[PDB]
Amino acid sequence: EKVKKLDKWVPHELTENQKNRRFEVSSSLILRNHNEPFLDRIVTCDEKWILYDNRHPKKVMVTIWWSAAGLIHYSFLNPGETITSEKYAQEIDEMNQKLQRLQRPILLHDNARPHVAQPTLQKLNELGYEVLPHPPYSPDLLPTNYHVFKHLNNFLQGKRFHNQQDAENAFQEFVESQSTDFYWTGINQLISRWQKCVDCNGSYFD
């Protein structure tokens, strides 16, 4: 049985074992960061379906890569082209190129997805990326979902797009219209979130 949390499908009631993994990771991150601060090294990412009609249907999947410094790279996935480990690998590799030019980094993302397989992992290892521990079923702890994609939504409400290029202009209008303070905030809010999780002994706190 499932429920939608931050647009992501998640247990209608976490198991005891699922709250332990959340508490354990949250606790350790809070401690890690207090002793050896790393928030400012975090690169994070997720995907969101953008619906052509914001009141089956038609929609386009976007992927965004960002850090507290600001946006790094987003791309769109063409309708009917479900993404694979080897292209994600690609995505990663040019994400890294754009980053280098702005400028080791630490990646925070949902590791429990398909395109997160050997080629992908290979790429990150190869490129020198440490992946941050992340408890299963925890959208509340991924900044793209609790921050970025949430504000995107407020921006998307009541919008009808006709062509793909329109959606993309709405997204890109949105991301590009964002201050660096917007990204800085998404990331630096993590510590509070880890704490809030711990206090809830690993349950959802919002």
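In this text, residue numbers run from 1 along the sequence as written.
> Between residue 103 and residue 104, how many deposited residues lack coordinates (none, 1 to 3, 4 to 9, 10 or more)?
Replying inline: Per the deposited record, the segment joining residue 103 and residue 104 lacks coordinates for 4 to 9 residues.
> What number of deposited residues lacks coordinates in the span between residue 55 and residue 56: none, 1 to 3, 4 to 9, or 10 or more?
Replying inline: Gap between residue 55 and residue 56: 10 or more unmodelled residues.
> As stated in the PDB record, which stretch has the larger average Cα B-factor, 42-50 or 25-33?
Replying inline: 42-50 has the higher mean C-alpha B-factor.
>> On mean Cα temperature factor in this entry, is 89-97 or 129-137 the higher one?
In response: Result: 89-97.
> So among 157, 67, 180, 145, who wins on Cα B-factor in the entry?
Replying inline: Among 157, 67, 180, 145, the PDB entry lists the largest C-alpha B-factor for 157.
> When the modelled residues of the chain are sorted by Cα temperature factor, does residue 193 land in the lowest, middle or highest third?
Replying inline: Its C-alpha B-factor belongs to the lowest third of this chain's values.
> Against its chain's modelled residues, does residue 124's Cα B factor rank lowest, middle or highest third?
Replying inline: CA B-factor rank for residue 124: middle third.
> In terms of the CA temperature factor given in the entry, to which third of its chain does residue 161 belong: lowest, middle or highest?
Replying inline: Within its chain, residue 161 is a highest-third residue by C-alpha B-factor, going by the deposited values.
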